Amino acid sequence: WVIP
Amino acid sequence: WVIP
Amino acid sequence: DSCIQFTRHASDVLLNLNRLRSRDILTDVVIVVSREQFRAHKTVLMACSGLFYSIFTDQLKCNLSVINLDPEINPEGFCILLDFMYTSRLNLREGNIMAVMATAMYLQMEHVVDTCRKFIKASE
Amino acid sequence: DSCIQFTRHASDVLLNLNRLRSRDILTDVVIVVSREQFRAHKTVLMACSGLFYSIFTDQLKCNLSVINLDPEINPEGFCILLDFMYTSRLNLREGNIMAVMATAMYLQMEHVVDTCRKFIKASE
Ligand SMILES: O=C1Cc2cc(Nc3ncncc3Cl)ccc2N1
Ligand SMILES: O=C1Cc2cc(Nc3ncncc3Cl)ccc2N1
Ligand SMILES: [Cl-]
Ligand SMILES: [Cl-]
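Residues numbered from 1 in each chain as written, not as in the entry; some residues may be left out. Chains lettered and ligands numbered in written order. Heavy atoms only, no water. Residues with missing side-chain atoms left out of burial classes, pairs and counts.

In terms of determination method and resolution, the entry is listed under X-ray crystallography at 1.8000 Å.

Shown next, in the form of structure tokens:
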């Protein structure tokens, strides 16, 4: 999971 | 396009 | 093999599937949640959720145009997860995390259940 | 927004759609190419091809279960492109590049037409  |  | 691969292909496909959803093009099922209705494509639901995969591979249920979820399922939690299915983006907030995790457990969306568990553990 | 994003989501969705194709699950159309038949999902074809997008948004053709391609279309070129649609992988070879490019131009798959043009230019 990432900060888009 | 890339070499997978 | 000796294939070449287009890096953005999968993301572009999903973006186009979400455009079809927005315009209600070729949607083939209604998901009913506490009298809130969500139109979608069975194949996308199956590709994202162990529950929908099981439902639409059933010889009788594969032909249903309406699926009613358990009354304990929260419509907002479902909406957030449906958006995630079609975008890879999850709108996880302090005010919705419990409903989102409960909905992801029911829908069998293991990666979502994982990030919810981790975000909850960080706040304890 | 303040969404989080699961990097592998789009690729995992496409992998699952290809698994449904392999097992012939919820395929809703046959594409006929020079008497060779290919089963697929209309939504995936639309998401990948300007031609299929135009075909299945037509109020009459959206309801067809069989689509016949122009007789000039090569079945192997189509097969290679159908595999690319469902995998992001393109089996481009000296022996098939001309058929693949011609099929991608007909199907309106701009990124494929682009890499074929470049691979042809490198050999001239
Ligand atoms: O967490 C998850 C996400 C998910 C998706 C599916 N879908 C499929 N699996 C395998 N072949 C085809 C399909 Cl469509 C099944 C289980 C789970 N569990
Ligand atoms: O090269 C290409 C690939 C491609 C895909 C599509 N598909 C869609 N476009 C926009 N909204 C939904 C969909 Cl399904 C249309 C044109 C082209 N041209
Ligand atoms: Cl997930
Ligand atoms: Cl393309």
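Chemist: I would appreciate a short explanation of the relation of the copies chain D and chain C in the present structure.
Modeler: Note that the two copies of the chain are related through a rotation about an axis and a translation along the same axis. By a simple turn and slide, chain D fits onto chain C: the slide is 0.0 Å along the axis, the RMSD is 0.0 Å, and the turn is 180°. The operation mapping one copy onto its partner corresponds to a two-fold rotation axis. No C-alpha of chain D lies nearer the rotation axis than that of D:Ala10, which sits 2.6 Å from it. Mapped onto chain C, 100% of the interface residues of chain D again fall at the interface, so both copies present the same surface. (Least-squares fit on C-alpha atoms. Contact = heavy atoms within 4.5 Å.)

Chemist: Mind showing me how you'd approach the sheet that holds strand β3 (residues 36-40) of chain C here?
Modeler: All names here are of chain C. The three strands are arranged β3-β2-β4 in an open sheet whose pairing can be described as mixed. Every other strand in the sheet has two partners, leaving β3 and β4 (66-68) as the edge strands with one partner each. Strand-to-strand twist in this sheet, taken as the mean axis angle between neighbours without regard to direction, amounts to 25°. Here strand β2 (residues 29-33) runs beside β4; their pairing, made up of three bridges, is parallel. Its bridge partner lying in β4, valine 32 is registered against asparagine 68. Helix α4 (residues 75-87) rests against β2 and β3 of the sheet, and its axis sits at about 10° to β3. (Pairing = 2+ DSSP bridges. Helix = DSSP H or I, 4+ residues; strand = E, 2+ residues; numbered from the N terminus. Axes fitted to C-alpha atoms, helices over the stretch in contact; angles between N-to-C directions.)

Chemist: In this structure, what is going on with the state of the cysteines? I would like to understand it.
Modeler: In a disulfide, the sulfur atoms of two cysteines are covalently bonded to one another. Taken as a whole and assessed by the stated rule, the structure comprises zero disulfides over all chains. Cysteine C:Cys79 shares no disulfide, and the gap to the nearest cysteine sulfur, in D:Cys3, comes to 11 Å. When its relative accessible area of 31% is taken as the criterion, C:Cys79 is described as partly exposed. The closest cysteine sulfur to the non-disulfide-bonded D:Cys116 is located on C:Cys3, 13 Å from its own sulfur. (Disulfide = S-S within 2.5 Å. Buried < 20%, exposed > 50% of the residue type's maximum accessible area, 1.4 Å probe, protein only.)

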